[PDB]
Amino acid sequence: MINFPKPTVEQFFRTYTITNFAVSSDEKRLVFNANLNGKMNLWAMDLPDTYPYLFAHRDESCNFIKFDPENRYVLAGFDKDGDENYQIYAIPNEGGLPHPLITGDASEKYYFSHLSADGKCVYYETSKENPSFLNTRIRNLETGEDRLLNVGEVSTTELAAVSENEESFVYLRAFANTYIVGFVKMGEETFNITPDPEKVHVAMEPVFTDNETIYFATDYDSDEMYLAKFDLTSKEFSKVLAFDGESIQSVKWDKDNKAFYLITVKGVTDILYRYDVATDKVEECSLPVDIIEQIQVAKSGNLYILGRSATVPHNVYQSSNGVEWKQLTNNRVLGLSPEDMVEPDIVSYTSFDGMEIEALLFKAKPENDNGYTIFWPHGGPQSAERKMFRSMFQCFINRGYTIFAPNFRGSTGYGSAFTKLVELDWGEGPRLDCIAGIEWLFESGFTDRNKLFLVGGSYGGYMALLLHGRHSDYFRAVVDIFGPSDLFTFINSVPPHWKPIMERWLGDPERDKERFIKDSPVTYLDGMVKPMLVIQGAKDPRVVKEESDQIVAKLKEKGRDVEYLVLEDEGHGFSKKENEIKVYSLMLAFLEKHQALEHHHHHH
């Protein structure tokens, strides 16, 4: 009847992000962090009523939310403008204004570790007197007394679990993202929790089941993360449950049912399992989305997840049995449904050394298809592109782009060994996996030559710059979103507590000088001749602004076609809607103007 034009990119601009949530011990309140009003703030629902209200006002990113078990307060962590100098604040149980609780100087960090079961004692890590390795302290909220509990040594040390009786403590000590050693502290004495800490492995997600037992996730002597157990009395490590070709990334003790909920990564999706300890039996549950951001188990055995799909934005869901899910939030893409968006095809190709590489290909719909492709290397590097909603992707797909995102070596979800391959090799193997995937796109016919764009953020921004420098001929245009450009400057500018990890992840500036030169994008500045858009957040602590200033500066001396957008109030990401939309709008205009006119004149 009325002729409504088809959807435009502006419809994809009004979707918000939910980063995080928590559920009160009695399940009467669920609080979540979302930029529903244009900036990050905590919102609440009085379950079962799902109409949300503002729970606290702050307009900052939030790193954790914790209910008092006796409902006298809510704790949350907030930084400044993407600072990542998170500190700990308290909020009245009914909401209100955050109140400084465990805070200090603007450059200090205060991370929440554990809350005592009586709600009196907060365990946390701080960088204050120990920037490199962090100290572990306790604040007693009744008396105000604050104690040193553990002094970090050797590498970055955090407190990851505490026994009901507050006599036993599990620490995790990170030497790399793939080498994380667990130890228990009991007397003055300490104990490894795997059989051999000299073996490269991760221990994650420890939980006390007794004052004398922990279970946790580890890939000790395996290519996948499995469920292990450690007995503090006998000091016995045991392998309990493993999944063929899947890594456990989440362990949740359902105490009253003596059961675990376990999330695994199987490539580009997450799977949920229930494990009944007593009957040693495993139920395969069903998730309503493909990618889980967070999960919580209430005392009653109810299950709460935060997750998303390719075609479904961040939403929170509730289940009793882990099989039928009530969707609680209703975060949608304006006027559309999953059918209106594109699911990616999972696809694979063979790389230079015979290694099979899995990738996500999002084909533009014929009706929208503009003939161009965006090659998107994900950020990390020890991360992944997965069936996870980014309004960014579907926005570009709406404008008609095909998108290709390969999980180059270094990506997670393909076992421990695959993930280690980017270590000490940021610019050889992964780059060649990308070139190989580009060649595959041409062979496939889903990309035409001279119609390939290149877009990437963070590590992907570095890869965008690196591919630009050394393989310019492939690309029509490049977008670099906070990409490190020089490895010597970058490894010196990361936060101190990342420094001990950087020797194993990246390398050493003096010992590995030659590799560092060869993998730094600024070394190939002369080869960066295609039009380029650079985007950076001034407050970024991971990839500091200087990495984007220097590369833009060096290009501008050579009179190059470079655009540069700085967002004064953001860090490693865009928590404010205004800024997010500004970035989308600019990337779209940039890519549009660098398509070829290809104007056809017909018989008229």
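Heads up: residue numbers just count along the shown sequence, starting at 1.
The PDB entry records a higher mean C-alpha B factor for 198-206 than for its counterpart among 306-314 and 198-206. Legend: mean Cα B-factor per stretch from the PDB entry, 185-193 versus 161-169; the higher mean is in 185-193. Of the candidates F404, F78, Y124, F488, the PDB record gives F488 the highest C-alpha temperature factor. Remark: of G415, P495, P381, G371, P381 shows the highest value [criterion: C-alpha B-factor in the PDB entry]. Ranked against the other modelled residues of its chain, the C-alpha B-factor of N257 as given in the entry falls in the highest third. Ranked by Cα temperature factor within the chain, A538 sits in the highest third according to the deposited record. Per the deposited record, the Cα B-factor of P338 falls in the middle third when ranked against the other modelled residues of its chain. Ranked within its chain, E580 lands in the lowest third, by CA B factor from the PDB record.
Ranked by Cα temperature factor within the chain, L272 sits in the lowest third according to the deposited record.
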